[PDB]
Amino acid sequence: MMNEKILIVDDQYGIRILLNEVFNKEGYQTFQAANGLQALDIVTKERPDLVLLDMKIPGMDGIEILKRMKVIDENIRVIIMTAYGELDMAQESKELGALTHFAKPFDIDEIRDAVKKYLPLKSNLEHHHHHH
């Protein structure tokens with residue numbers, strides 16, 4: 001449609017943007033971030049619904065940023081592609097510590113799969129009985 005939105009924060013040369021060709025068109029508004037602050041830029045600019053955050057990202061500690069992300073929306077699906085033991089550290093540090101987790105920036109095939117594994121696909125979806 002068009003209302004699909006995701007952020008991807010990592011320092012992989014062309015994975016961030018290949019996610020764009022991968023979803024940004026039709027899958028989701030997948031944007032690229034070199035810092036969580038850059039992700040904050042887009043989260044306030046385009047307001048993607050999902051966030052991919054790596055704290056292992058050169059620049060800033062994405063951990064803090066993703067904490068703020070749930071803190072901004074609470075509907076935003078905060079997904080972690082950093083030290084996935086942050087459901088230990090990042091969670092107890094603040095609030096949620098991100099949901100779907102991965103310790104490695106992996107091949108996008110598993111990522112697109114993970115997207116269609118985790119995403120609702122239910123009846124109520126987000127919060128709306130009978131989409132109108």
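Start at 1 and count along the chain as shown; that gives each residue its number.
Header entry for method reads solution NMR.
A Cβ is built for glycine as well, from the same backbone N, Cα and C atoms used for every other residue.
Long-range Cβ proximity for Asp11 (Mg(2+) binding site), meaning a same-chain Cβ under 8 A and a gap of 6 or more residues, is found for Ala34, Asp54, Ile57, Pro58, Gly59. What Swiss-Prot lists as Mg(2+) binding site is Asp10, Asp11, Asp54, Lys56.
Annotated expression tag per the PDB entry: 125-132, in sequence order.
As annotated by Swiss-Prot, 4-aspartylphosphate applies to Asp54. For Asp54 (Mg(2+) binding site), the Cβ neighbour count at a 10 Å cut-off comes to 25, with all displayed protein chains included. DSSP assigns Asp54 (Mg(2+) binding site) to coil, not to a helix or a strand.
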Largest tally of Cβ atoms lying within 10 Å of a Cβ, found at which of the binding-site residues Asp10, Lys56: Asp10
